[PDB]
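**Q** so I've got this experimental structure, pasted below with the sequence.
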Amino acid sequence: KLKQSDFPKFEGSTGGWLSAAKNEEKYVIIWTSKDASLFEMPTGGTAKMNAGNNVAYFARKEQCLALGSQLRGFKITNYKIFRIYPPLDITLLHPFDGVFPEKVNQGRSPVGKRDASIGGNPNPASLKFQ
Amino acid sequence: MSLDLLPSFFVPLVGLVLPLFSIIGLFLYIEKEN
Amino acid sequence: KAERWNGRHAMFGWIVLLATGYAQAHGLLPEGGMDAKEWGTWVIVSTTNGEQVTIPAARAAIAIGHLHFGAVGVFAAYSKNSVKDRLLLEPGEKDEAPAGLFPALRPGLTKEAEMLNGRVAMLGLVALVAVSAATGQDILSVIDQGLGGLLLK
Amino acid sequence: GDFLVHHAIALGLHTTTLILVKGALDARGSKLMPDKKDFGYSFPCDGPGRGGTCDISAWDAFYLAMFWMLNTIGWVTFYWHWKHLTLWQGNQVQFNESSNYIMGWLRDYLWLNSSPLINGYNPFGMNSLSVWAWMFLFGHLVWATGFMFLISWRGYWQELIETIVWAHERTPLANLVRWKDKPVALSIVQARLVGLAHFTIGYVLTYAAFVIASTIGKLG
Amino acid sequence: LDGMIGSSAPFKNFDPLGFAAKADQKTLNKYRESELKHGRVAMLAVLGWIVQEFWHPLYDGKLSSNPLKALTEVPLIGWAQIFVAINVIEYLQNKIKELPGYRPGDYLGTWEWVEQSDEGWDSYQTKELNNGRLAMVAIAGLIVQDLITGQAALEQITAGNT
Amino acid sequence: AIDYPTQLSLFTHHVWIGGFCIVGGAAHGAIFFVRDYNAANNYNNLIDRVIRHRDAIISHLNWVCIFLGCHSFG
Amino acid sequence: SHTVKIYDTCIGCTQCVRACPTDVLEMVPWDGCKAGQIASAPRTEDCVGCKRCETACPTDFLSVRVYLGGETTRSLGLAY
Amino acid sequence: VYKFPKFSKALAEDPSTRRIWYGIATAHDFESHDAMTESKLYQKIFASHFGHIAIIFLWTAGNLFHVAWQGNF
Amino acid sequence: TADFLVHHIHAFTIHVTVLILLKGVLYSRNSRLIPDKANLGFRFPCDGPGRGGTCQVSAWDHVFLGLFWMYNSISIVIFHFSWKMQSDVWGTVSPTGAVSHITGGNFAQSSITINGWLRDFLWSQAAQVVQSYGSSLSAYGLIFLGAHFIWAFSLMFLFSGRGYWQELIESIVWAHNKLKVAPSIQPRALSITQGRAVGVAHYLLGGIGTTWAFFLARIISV
Amino acid sequence: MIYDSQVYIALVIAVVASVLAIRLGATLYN
Amino acid sequence: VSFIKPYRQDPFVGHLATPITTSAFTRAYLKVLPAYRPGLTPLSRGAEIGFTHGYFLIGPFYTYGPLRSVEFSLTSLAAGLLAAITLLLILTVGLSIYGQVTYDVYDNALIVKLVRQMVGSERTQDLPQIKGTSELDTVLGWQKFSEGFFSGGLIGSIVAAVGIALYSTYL
Ligand code: CLA
Ligand code: CLA
Ligand code: CLA
Ligand code: CLA
Ligand SMILES: CCCCCCCC(=O)OCC(=C\C=C\C(C)=C\C=C\C=C(C)\C=C\C=C(/C)C=C=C1C(C)(C)C[C@H](OC(C)=O)C[C@@]1(C)O)/C=C/[C@@]12O[C@]1(C)C[C@@H](O)CC2(C)C
Ligand SMILES: CC(/C=C/C=C(C)/C=C/[C@@]12O[C@]1(C)C[C@@H](O)CC2(C)C)=C\C=C\C=C(C)\C=C\C=C(C)\C=C\[C@@]12O[C@]1(C)C[C@@H](O)CC2(C)C
Ligand SMILES: CC(/C=C/C=C(C)/C=C/[C@@]12O[C@]1(C)C[C@@H](O)CC2(C)C)=C\C=C\C=C(C)\C=C\C=C(C)\C=C\[C@@]12O[C@]1(C)C[C@@H](O)CC2(C)C
Ligand SMILES: CC1=C(C/C=C(\C)CCC[C@H](C)CCC[C@H](C)CCCC(C)C)C(=O)c2ccccc2C1=O
């Protein structure tokens, strides 16, 4: 019926990925479920989970993350999202250090932090012809 | 060739040929790569 | 490449000018003007007082012949992979080397012969236009004078 | 009538000046956006929170004041043209009496002098004013296309474009042809500019056609 | 006369003359193709016979409502186009016949979706076959009656030439 | 029938009411879809299958609208 | 890609991180506030510019600021 | 898709049709162009002024010629 | 042929209204733009300036545009009815049986062009409305003008945005605070959705009232 | 009525002004 | 039974296997068309497409042009033929520029394998990537396709003009 046994029991929708997620990048979300719960696809309609390993492919990181946020309502937490380039170039994305970004984990450095409030930003006229 | 034949010689020329070549050049230019 | 193509066209056009003079002299080249009722108002040239002067039918026929030749040229242009000599240079192709002041004196059906004859024909067209503009006669009148009278006879 | 229309002109000038001066002074920041200078002269907005933030840039003040400039110039030119049409035709009493109320304007300037223009071509024939009637309708059409670009905003046109993209990508005999630039809806600022351009071009064309054709067809 | 579709209650596996008891699978596929084509053509022919009799809007009226008479009144250049269209359709059917998994009368390729056919699918195929058989008998009767009597269906019925 | 103002007013009023009520029906269908629609209770039914191919419906309706507008208005 | 900056007015309430739809922001250790945490923007290449992050900011004039910049198929939210 | 907005690399990397639209509407905003100095700004504005005055004079010459040729002056 | 064109105009307008409303209903829960549009509710202004701009993605913003297009369709329908009836049904019958209509059969030949609709219908039958002053139908002219005013008033809400009105209210509030008369209930500009609702309500009221006054004055005078 | 020579030389001078325009256009860079 | 299933057992494609996308009739009909017919060089595909397209393109121009005639007129036929030929020229110009800006390949179905085997550590989009393996997806292939379209369009337009004249004269 389906290419892989771990795919959710989805009947296919004309809202899945397109030619872009065959030559630029595609995103895969994996998770393990205790029950074959019925959930709503980020793209189309209702799909059925597998009582075990579940693997879904999407065209955007936002679609995979919306599916994962939906999974949290099913008490599912072990979901992990990967980015796949045109060949099998798998990169773990969402649980980057194994801890969700909302929980503080040691080993993270601040990126994009300014040691002042908004009012300390430089005047644009001094950020010209230079 | 009289002077009154100049409109019939030029108006089609300008108003049709110049759009065609200008479109060709502009499309080629804006679709270039590096 | 451009010089060679323009020389070929100039030689063919010297032939065409001779043919046009012959046709005008020998009763060919249809008479009158185009039918505005048949071909719309775009063939009307002027309205002096209640009569519509239209494009001469001879001019229309000559334009149709030139359209035939120009269409042949356009086909050859968009037929680059099947023609012996292309119109434009391929990426990589390099322009044949200029012939110089005097191309090599190689008689026959040679590149130098065609080159020299094309230059001569283009210079002849330049001289013909210059003579017509300076003196003030028709192009065919200048050709007739330059052939003694054997064209418009 | 001159008194009332001059006060209307003063109102138009003051409101256009208000919009432009407010945009100029509030360009560097306000209470809703105390760092507006960091976003430049022309930016779409600041977002959907804190209340909202539509048309907050200084460019948007110009964009809004263009409508008021067009309205003020329309009032000025309407006044001038009606006064001079009555002066040339000789019925200056028509202006002096009917110019004090709005229906007087609508009936005796627009409705009255639009008769020669609209009959530039009828189911019976046409005149040398036919081009002016065509330009009249053309200006109305461009004006309403501007209305399109101004009332309907983005987001509604991005999803439709996505549907069109899917249709092109999933149809045979047309899959052979694909775009090099991904078709997307016009940006918010670009959409405002395009709607303003349509509005202004239609405005100018329809009024030029009306004034010229009305003068020609009324005064011989 | 097999597990083939088309066996109905009145006469199950109706092969009284034993045409199928000796034929192989290829000959039986040919027989099913012929039966289905005849049935479809006959359904179209019966519907056209009746409708033409009581409605012929095309050809600015004219084209006498009696069939087998309008057969010799069509401009004969419209006959050629109908012939060519039928020919192109059957060329396409021939091309279909070499597709893998082809079934005798199946030109829609239902074998692609219908694996492990149901009873509803078999019943609908039998319905099509039985309607085609009834239409074959009906069109044969129509042509014979119009030949011997000279009147059309609703004309002979209306007068009472029964 | 001979009271033309009455006929014109009745027709226009009833057509206006009809258009408003139709737009309201569409609005409340959308409201039901947003609020009261349960995906689990509508597995593979008509509502589910319509959402599953909404693209096709909307794209073909777009093409029909362009065709009809182009033709009539042009 | 858009630019996201964090300012020391951060109170570490995590509402920005749990509102990001594309996992751009994360909470990192800090010593400038009671919570001992500050938001970070280490994955701005996935930033879409929806500005949900600063709609959930409780600080007075924001501690996370999104500056829209160059566009990308990721930042434009293009599924095609 | 790598050489129309020569003055802006940020636009030239746009994969959408927005690059073409914004390339037109930012062509004369010289102060916002890539690799921009004040000297180049004033020099380009000066040359653009010259071209503009040339356009104005050509427009007036065209009006004069068309009145002389097809008018009834 | 005149009825063919107007009937296909009706079909086209109805199809576009159906398109807007069905797109609103089907894409009310999710889309490729916003995969969680159902979590934003039925009535919300947008999701943000991102994704190139996500204005009016709601389903309410589709009932707003569909209201506009329903106005367009119904206006064309009632215009067709009025002109066709006045031109080819209504009128008087002479004692010998000669039929003379209100307009005189101009629908067949002059309803096939937009200039015809503008001149022989709008301009021609608007004569009774504009010449109603001083008569018992003057209320129809007044309502004509007022409906024009309201329809034009709608465009302020339809074309503008909140940032501008909120920032103008800021200066007005500054003046009030300077005069110690700032209300305790802080004045805020109408929300984006409410701005759209006010715009569409005023647009519908103005257009329908203009057509109402025009139809009533015209059909009562003649 | 202007002559053919008058119009012709004006056209020729216009061509020269065109070659000067592209030189300015190309000098203002691609 | 169900007649709609996910396309090629992939429930995540933006496509469906309906009785129209993947029906045997659709398969055969699209495989007999010149664009997909096996055994055709790109020049032959272009020639057939151009012939058919000019043949049906001369029709509307001759019938409804600005110089129509309820009777048969040589001027009307010439006008329709010229309009059809010029439209074919415009279409050929579009084909030429599209092929110029789309592909950079001279021999396909190999370069993909070469870069999948011998590595493609270059500027990509010519060695790697490469959408489609058809011979129509090359610079040479599309050029010959456009040439065939143009020549076949001229020939088909002339043939259709001759047929129209014969039908209007001898019938
Ligand atoms: C300055 C602008 C301009 C000019 C000069 C023209 C000129 C023309 N238009 Mg046109 N048009 C324009 C802009 C312009 N258009 C725009 C912007 C639009 C869209 C709003 C239209 C929409 C339009 C329509 C809808 C129609 C025209 C038509 C025509 C023709 C007039 C009818 C007639 O009697 O010819 C009769 C025409 C012929 C006898 C044959 C002409 C065929 C082409 C034009 C000849 C070109 C020769 C060319 C050099 C061949 C190249 C070589 C090739 C063989 C390889 C004429 C050629 C009509 C027409 O003829 O349609 C084709 C017509 O139906 N136009
Ligand atoms: C007069 C103003 C005007 C016009 C012309 C349109 C036109 C259109 N709107 Mg609309 N719209 C308007 C005002 C207008 N709107 C306003 C004020 C609003 C605000 C509420 C909207 C809101 C709106 C929405 C929400 C939607 C539309 C849609 C549509 C399209 C329907 C499909 C169609 O008919 O395309 C055909 C195009 C036309 C009929 C326009 C004229 C084209 C001419 C007649 C034929 C072609 C001319 C030719 C190409 C010219 C070439 C020469 C040129 C290059 C020089 C169409 C483009 C829908 C859409 O996207 O399309 C499906 C849609 O969903 N509009
Ligand atoms: C075997 C089938 C068949 C044949 C040979 C004819 C033959 C004829 N019909 Mg006819 N007809 C048929 C079936 C048939 N009909 C059916 C089923 C109907 C009901 C819709 C009609 C309704 C009909 C009318 C109303 C008229 C005719 C008329 C005629 C005559 C002129 C041709 C014409 O205009 O056809 C017109 C045919 C149609 C309008 C409908 C044809 C629809 C076809 C049969 C279905 C699709 C065929 C498809 C291309 C192939 C199938 C695909 C797939 C199964 C492989 C001609 C004698 C005309 C006449 O002069 O009457 C005396 C006329 O006015 N027919
Ligand atoms: C900016 C000035 C201007 C403008 C707007 C026009 C406008 C027009 N001219 Mg014209 N003309 C002009 C100057 C101008 N002229 C000058 C200076 C000359 C003397 C050489 C002529 C000689 C001329 C002739 C001989 C004819 C026209 C004709 C026409 C009409 C059709 C267009 C055409 O065939 O152009 C053709 C124009 C030329 C061959 C001359 C070039 C025009 C100037 C020099 C270029 C101006 C460029 C402008 C500043 C910006 C260019 C933008 C570009 C990059 C897109 C149109 C009304 C035709 C006409 O009357 O039809 C009824 C016609 O037959 N013109
Ligand atoms: C202009 C003439 C002036 C005369 C005055 C009056 C005449 C007139 O009016 O003419 C106009 C006219 C007819 C003109 C007909 C013409 C020019 C036909 C020309 C056809 C050219 C062809 C086939 C070229 C083929 C070239 C090729 C293949 C070229 C090539 C090669 C080769 C050979 C090197 C091989 C290479 O091989 C490889 C490697 O590919 C490929 C290639 C491309 O390189 C009729 C006019 C009127 O009928 C009308 C209109 C109205 C009537 O009432 C009155 C008349 C009769 C007068
Ligand atoms: C191309 C040409 C003639 C082409 C003629 C053709 C195609 C023939 C066409 C015809 O057949 C048709 C189509 C149809 C027939 O019915 C009509 C004709 C007409 C018969 C003449 C060019 C003629 C070209 C000429 C004369 C060029 C002269 C250039 C000079 C002097 C340049 C000098 C400099 O380059 C230096 C030396 C140093 C530089 O630094 C400075 C300068 C000064 C720029
Ligand atoms: C070459 C030429 C024509 C060549 C024609 C060819 C090849 C035709 C080939 C054909 O295949 C076609 C095409 C078609 C076939 O059906 C016919 C044939 C025949 C088979 C004309 C030259 C024509 C050449 C001409 C007219 C030259 C004129 C030169 C002049 C006036 C010179 C003046 C000066 O020399 C002085 C006087 C003093 C100097 O100091 C200054 C200057 C100015 C240089
Ligand atoms: C003017 C305007 C405002 C400001 C409008 C406000 C604050 C409304 C003020 C309403 C007053 C306070 C009450 C109504 C007073 C009327 C006289 C009562 C109505 C008349 C009766 C006859 C019904 C917005 O908030 C807005 C938001 C989004 C898009 C466009 C706009 C917009 O155009």
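**A** Nice, thanks for sending it over. Residues are numbered from 1 along each chain as shown, chains lettered A, B, ... in the order given. Ligands and ions are numbered 1, 2, ... in the order given.
**Q** helices of chain I, start to end?
**A** Per DSSP state H, chain I carries helices over the ranges I:2-26, I:61-88, I:107-110, I:114-116, I:124-125, I:127-130, I:138-159, I:162-178, I:192-221.
**Q** what comes up buried for the fourth one?
**A** Of the residues in helix I:114-116, I:115, I:116 count as buried by neighbour count, 16 or more other Cβ atoms under 10 Å in any protein chain shown. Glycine gets a C-beta too; all of them are placed from N, C-alpha and C.
**Q** any idea which of the helices of chain I is most buried?
**A** Counting by mean count of other Cβ atoms under 10 Å in any protein chain shown, helix I:61-88 has the highest mean neighbour count of the helices of chain I, with a mean of 22.
**Q** show me what that one is packed against.
**A** Under the contact criterion of 3 or more Cβ pairs under 8 Å, 6 or more residues apart in numbering or on different chains; DSSP states H and E, helix I:61-88 touches helix D:156-169, helix F:4-35, helix I:2-26, strand I:99-101, helix I:107-110, helix I:124-125, helix I:192-221.
**Q** let's see it at 6 Å
**A** helix F:4-35, helix I:2-26, helix I:107-110, helix I:192-221 (3 or more Cβ pairs under 6 Å, 6 or more residues apart in numbering or on different chains; DSSP states H and E).
**Q** among these, which is nearest ligand 4?
**A** Ligand 4 lies closest, by Cβ to the nearest ligand atom, to one member of the helices and strands packed on helix I:61-88: helix I:107-110, at 33.4 Å.
**Q** mind listing what residue K:126 touches?
**A** residue K:104 (Cβ atoms under 6 Å, 6 or more residues apart in numbering or on different chains).
**Q** after the helix or strand hosting residue E:29, which helix or strand is next?
**A** If you go by DSSP states H and E, residue E:29 is part of helix E:25-54. Proceeding N to C from helix E:25-54, the next assigned helix or strand is helix E:78-97, under DSSP H and E.
**Q** between the helices and strands packed on helix I:61-88, which one is closest to ligand 3.
**A** Distance to ligand 3, taken as Cβ to the nearest ligand atom, is lowest for helix I:2-26 among the helices and strands packed on helix I:61-88, at 22.3 Å.
**Q** what about the closest one, near chain F?
**A** Yes: Helix I:2-26 comes into contact with chain F (Cβ under 6 Å from any Cβ of the partner chain), by way of I:8, I:9, I:11, I:12, I:15, I:16, I:19, I:21, I:23, I:24, I:25, I:26.
**Q** for that helix, name the packing helices and strands.
**A** helix F:4-35, helix F:54-73, helix I:61-88.
**Q** let's see that with 8 Å instead.
**A** Helices and strands touching helix I:2-26, by 3+ Cβ pairs under 8 Å, 6+ apart, are helix F:4-35, helix F:54-73, helix I:61-88, helix I:107-110.
**Q** hang on, the earlier thing: of all the helices and strands packed on helix I:61-88, which one is nearest ligand 7?
**A** helix I:2-26 (57.3 Å).
**Q** element containing residue G:5, please.
**A** Residue G:5 is part of strand G:3-7 when elements are defined by DSSP H and E.
**Q** my bad, should have said residue K:128
**A** Counting by DSSP H and E, residue K:128 is found in no helix or strand.
**Q** wait, isn't it in contact with residue K:120?
**A** Yes: in this structure, residue K:128 is within contact of residue K:120 by Cβ atoms under 8 Å, at 4.1 Å.
**Q** ok, residue H:41 to chain J distance?
**A** The gap separating residue H:41 from chain J is 13 Å, by Cβ to the nearest Cβ, to the nearest Å.
**Q** so that residue sits in a helix?
**A** Yes: when DSSP: H, G, I helix; E, B strand; the rest coil is applied, residue H:41 is found to be in a helix.
**Q** how near is it to residue H:30?
**A** Residue H:41 is 5 Å from residue H:30, where distance means Cβ to Cβ, to the nearest Å.
**Q** coming back round to it: nearest to residue E:152, of the helices and strands packed on helix I:2-26?
**A** Residue E:152 lies closest, by Cβ to Cβ, to one member of those: helix F:54-73, at 40.8 Å.
**Q** does the closest one reach chain G?
**A** No: Helix F:54-73 does not reach chain G (Cβ under 8 Å from any Cβ of the partner chain); its nearest approach is 11.8 Å.
**Q** show me what that helix is packed against.
**A** helix D:156-169, helix I:2-26.
**Q** isn't residue C:105 up against residue C:99?
**A** No: contact status for residue C:105 versus residue C:99: not in contact, 11.3 Å apart, counting by Cβ under 8 Å.
**Q** what is in contact with these two at once?
**A** Common contacts of residue C:105 and residue C:99 (Cβ atoms under 8 Å, 6 or more residues apart in numbering or on different chains): residue C:112.
**Q** please identify which of the two sits among more neighbours.
**A** Neighbour count, other Cβ atoms under 10 Å in any protein chain shown: between residue C:105 and residue C:99, residue C:99 has more, with 15 against 9.
**Q** give me the neighbour count for the residue of chain A found nearest ligand 4.
**A** For chain A, the residue closest to ligand 4 is residue A:129, as judged by Cβ to the nearest ligand atom, at 31.0 Å. Summarising burial for residue A:129: neighbours were counted as other Cβ under 10 Å, giving 10.
**Q** how much space between it and chain E?
**A** For residue A:129, the distance to chain E equals 67 Å [Cβ to the nearest Cβ].
**Q** what is the burial count for the closest residue to that residue other than its chain neighbours?
**A** Excluding its sequence neighbours, the residue lying closest to residue A:129 (Cβ to Cβ, 6 or more residues apart in numbering or on different chains) is residue H:38, at 5.5 Å. Other residues lying near residue H:38 total 10 when counted by other Cβ under 10 Å.
**Q** reformat the helices and strands packed on helix F:54-73 into CSV and put distance to residue E:89 next to each item.
**A** As requested, the helices and strands packed on helix F:54-73 are arranged in CSV below (distance: least, Cβ to Cβ, whole Å):
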stretch, distance to residue E:89
helix D:156-169, 29
helix I:2-26, 33
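**Q** who's in contact with the residue in chain B that chain C sits nearest to?
**A** Nearest residue of chain B to chain C, counting by Cβ to the nearest Cβ: residue B:4, 4.7 Å away. Residue B:4 sits next to C:45, C:46, C:53 when contact means Cβ under 8 Å, 6+ apart.
**Q** quick one: residue G:6 and residue G:59 touch, right?
**A** No: using Cβ under 8 Å, residue G:6 makes no contact with residue G:59, being 10.8 Å away.
**Q** who's more crowded, these two?
**A** Each of residue G:6 and residue G:59 has its neighbours counted (other Cβ under 10 Å); residue G:6 has more, 25 against 16.
**Q** can you name the residues bridging to that one?
**A** Here residue G:6 sits in beta bridges with residue A:113, residue G:64, as judged by DSSP bridges.
**Q** and the helix or strand residue D:196 falls within with ligand 8, contact?
**A** Assigned by DSSP H and E, residue D:196 falls within helix D:188-218. No: Helix D:188-218 lies out of reach of ligand 8 by Cβ under 6 Å from any ligand atom, never closer than 14.0 Å.
**Q** what helices or strands is that helix leaning on?
**A** helix D:58-89, helix D:112-118, helix D:130-151, helix H:18-25.
**Q** cool, thanks, signing off.
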